[PDB]
Amino acid sequence: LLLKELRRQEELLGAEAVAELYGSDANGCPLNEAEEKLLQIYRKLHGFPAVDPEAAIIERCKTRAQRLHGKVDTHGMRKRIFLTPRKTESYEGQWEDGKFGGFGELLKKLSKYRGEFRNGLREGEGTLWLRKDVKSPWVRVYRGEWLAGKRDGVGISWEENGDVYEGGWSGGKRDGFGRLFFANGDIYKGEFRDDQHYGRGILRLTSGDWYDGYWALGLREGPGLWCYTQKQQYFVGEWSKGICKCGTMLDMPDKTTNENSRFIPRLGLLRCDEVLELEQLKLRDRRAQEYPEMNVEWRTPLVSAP
Amino acid sequence: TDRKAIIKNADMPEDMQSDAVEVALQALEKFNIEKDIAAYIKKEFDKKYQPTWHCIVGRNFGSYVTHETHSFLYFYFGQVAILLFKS
């Protein structure tokens with residue numbers, strides 16, 4: 001029976017995905033629900049090491065508001081209560097001073113949430129689910145800290161497009177240190193503000209190429225280093241509005257072969273450093289004019305890490 | 001240290017400019033006269049990418065050319081300057 005269960009899940013998710021998932025490791029992105037329960041089945045069969053978040057959450061909440069005599073508001077443990085007489089919304093959880101003040105389950109027409117509460121709004125750790133309509137089943141997107149109904153913390157996201165994100169959150173938007181995993185397989189480690197790459201970041205693609213540079217307004221913007229790993233060639237220059245125009249091109253030190261990429265000849269411009277310098281001064285002037293008061297080095301200077 | 005290629009004006013996706021510098025090196029290895037280098041580079045880009053591309057190669061010049069987006073590159077390596085645009 002266990003083998004039947006495991007095999008039907010494996011054919012449900014896909015054999016390629018199952019084999020890939022066996023090759024996964026803890027440094028990877030947090031899995032979605034199907035992979036999670038597939039691995040639970042696989043482990044409970046094999047014994048291929050134990051965690052429970054709900055236990056810790058409930059551990060945290062029991063110290064909160066308690067029974068008080070003659071209080072004229074809810075202020076306590078309750079069963080399900082409908083917020084409207086039309087029966088479209090419902091909640092089941094503790095109360096404080098007539099508002100949501102503890103851990104409770106909330107059901108909307110299209111959303112459902114389980115987490116802690118403080119003064120009527122979301123202040124704690126919680127998980128969020130969504131559904132397209134009343135017929136569609138639940139789809140999970142969120143896991144992270146809450147404050148005043150919006151995401152002020154470090155959390156989990158599984159975007160609708162198929163992306164998955166890790167990083168800080170503030171004002172309900174991506175803000176802080178974060179790691180982004182794209183649907184096509186790209187990996188981006190960077191620093192986010194205003195749901196764009198407004199900071200220092202490191203990017204690496206599926207084909208092996210990898211990036212170090214600064215980012216602004218969602219595009220590549222600053223001084224940085226790029227490496228063409230298969231060709232053993234690396235590029236250093238300045239980016240402005242998604243595309244770089246000034247740079248120096250060099251071969252990696254260990255190149256010894258005439259085959260993968262040809263060698264750069266050994267002559268160049270006179271005093272080239274001055275010319276490049278003049279160019280990024282031009283770019284900086286135009287940048288300041290087009291986007292004044294902007295700062296690419298907002299919490300990590302270049303001098304700290306070459 | 002002395003071996004260096006520098007890009008000083010660019011509107012070009014980056015893998016394409018890597019391809020461009022590779023094939024420019026091939027052009028230098030095969031030929032010596034500027035005109036044949038230009039012919040080879042233009043025909044090669046017109047083959048891999050759709051027509052029409054243009055190329056001007058030399059040592060002392062000044063130029064004013066318009067181009068459509070993501071189709072411009074200008075850089076130094078070795079002995080000669082390369083200007084490339086699609087139009």
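Rounded, prolate or oblate: which fits the stretch A:190-264, taking a ≥ b ≥ c as square roots of the Cα gyration tensor eigenvalues, rounded meaning a/c under 1.5, else prolate when a/b beats b/c?
Values: a/c = 3.25, a/b = 2.09, b/c = 1.56.
The shape class here is prolate.
List the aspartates and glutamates whose Cα lies under 17 Å from the Cα of A:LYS231, skipping any in the same chain that are fewer than 8 positions away.
Cross-link targets: A:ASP209, A:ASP251, A:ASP254, A:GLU259, B:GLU14, B:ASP15, B:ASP19, B:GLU22.
Average partner chain C-beta neighbours within 10 Å, per residue of A:249-255?
3
Can you put A:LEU269, A:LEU278, A:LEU3 in order, fewest other beta carbons within 10 Å first?
On the way: A:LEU269 16, A:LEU278 12, A:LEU3 8.
With the sparsest Cβ surroundings first, the list reads A:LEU3, A:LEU278, A:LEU269.
Pull up the cross-link candidates among the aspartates and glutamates for A:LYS71, meaning alpha carbon to alpha carbon under 12 Å and not fewer than 8 places away within one chain.
Within the straight-line limit of under 12 Å, A:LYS71 reaches these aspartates and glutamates: A:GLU96, A:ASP97.
Can you quote the Å³ per residue value for the convex hull of the Cα atoms in the protein assembly as shown, rounded to an integer?
Numbers: hull volume 96.3 nm³, N = 393.
Measuring per residue, one finds 245 Å³ for the Cα hull of the protein assembly as shown.
Listed highest first by mean packing, meaning other Cβ atoms within 10 Å per residue, what order do A:116-127, A:13-24 come in? All intermediate terms of the calculation are to be shown ahead of the outcome.
Numbers: A:116-127: 18.3, A:13-24: 12.3.
Descending packing order for the listed peptides: A:116-127, A:13-24.
According to the square roots a ≥ b ≥ c of the eigenvalues of the Cα gyration tensor, what is the shape class of chain B, taking rounded for a/c under 1.5, prolate for a/b larger than b/c otherwise, and oblate for the remainder? It would help to have the intermediate numbers written out before the result.
Working: a/c = 1.33, a/b = 1.20, b/c = 1.11.
Rounded shape, in that the Cα axes give a/c under 1.5.
When only C-alpha pairs under 8 Å and at least 6 residues apart count, what is the relative contact order of the stretch A:211-306, in percent? Write out the running numbers ahead of the final one.
On the way: 109 pairs, mean separation 17.9, N = 96.
Dividing the mean separation by the residue count of the stretch A:211-306 yields 19 percent.
Mind scanning A:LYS112/A:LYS173; A:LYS241/B:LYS47; A:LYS112/A:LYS241; A:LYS62/A:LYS132 and naming the pairs with a C-alpha gap bigger than 31 Å?
A:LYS112/A:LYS241; A:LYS62/A:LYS132
Report the relative contact order of the stretch A:145-230, percent, no decimals, based on alpha-carbon pairs under 8 angstrom and at least 6 residues apart.
Working: 201 pairs, mean separation 13.6, N = 86.
So the answer I get is 16 percent.
If you add up the charges near A:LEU13, with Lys and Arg at +1 and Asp and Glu at -1, over every other residue whose beta carbon is less than 12 angstrom from its beta carbon, what do you get?
Numbers: positive: A:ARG7, A:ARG8, A:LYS37; negative: A:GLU10, A:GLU11, A:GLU16, A:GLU20, A:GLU33, A:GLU35, A:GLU36.
Combined, the nearby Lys, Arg, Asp and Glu give -4.
Using Cα pairs closer than 8 Å and at least 6 residues apart in sequence, work out the relative contact order for the stretch A:93-145, in percent.
Values: 110 pairs, mean separation 13.6, N = 53.
In percent, rounded to a whole number, it is 26.
Any chance you could tell me what percent of the C-alpha pair distances in the stretch A:6-90 go past 21 Å? Let's see the in-between values first.
On the way: 2082 of 3570 pairs.
Above the 21 Å cut-off, the stretch A:6-90 has 58 percent of its Cα pairs.
Can you tell me which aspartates and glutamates have their Cα less than 19 Å from the Cα of A:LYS87? Leave out same-chain residues fewer than eight positions away.
Counting by Cα, and skipping residues close in sequence, A:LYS87 has these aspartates and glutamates nearby: A:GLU105, A:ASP133.
Please check: in the Gaussian network model of chain B (C-alpha springs, under 10 Å), which one of B:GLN26, B:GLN50, B:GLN17 has the largest mean-square fluctuation.
Its mean-square fluctuation being the largest, the pick is B:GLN50.
How big is Rg to Rh over the stretch A:109-183, alpha-carbon atoms, Rh as the Kirkwood inverse-mean-distance radius?
0.99
Fewest Cβ neighbours within 10 Å first, please rank A:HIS197, A:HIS69 accordingly. Intermediate values should be presented prior to the final figure.
Working: A:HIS197 25, A:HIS69 4.
Lowest to highest Cβ neighbour count: A:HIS69, A:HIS197.
Using the number of other C-beta atoms within 10 angstrom as an exposure proxy, rank B:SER71, A:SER304 with the fewest first. Before the final figure, lay out the partial values.
Numbers: B:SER71 17, A:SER304 8.
Fewest-to-most ranking of B:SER71, A:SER304: A:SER304, B:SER71.
Can you tell me which of B:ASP46, B:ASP15, B:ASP36 moves the most in a GNM of chain B? Springs connect C-alpha atoms under 10 Å apart.
B:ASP15
Quick check: Cα centre of the stretch A:120-173 to Cα centre of the stretch A:247-263, how many Å?
46 Å
Each value in this text was obtained by applying a stated rule to the coordinates, not by laboratory testing. All Cβ positions, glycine included, derive from the backbone under ideal geometry; neighbour counts span all protein chains shown.
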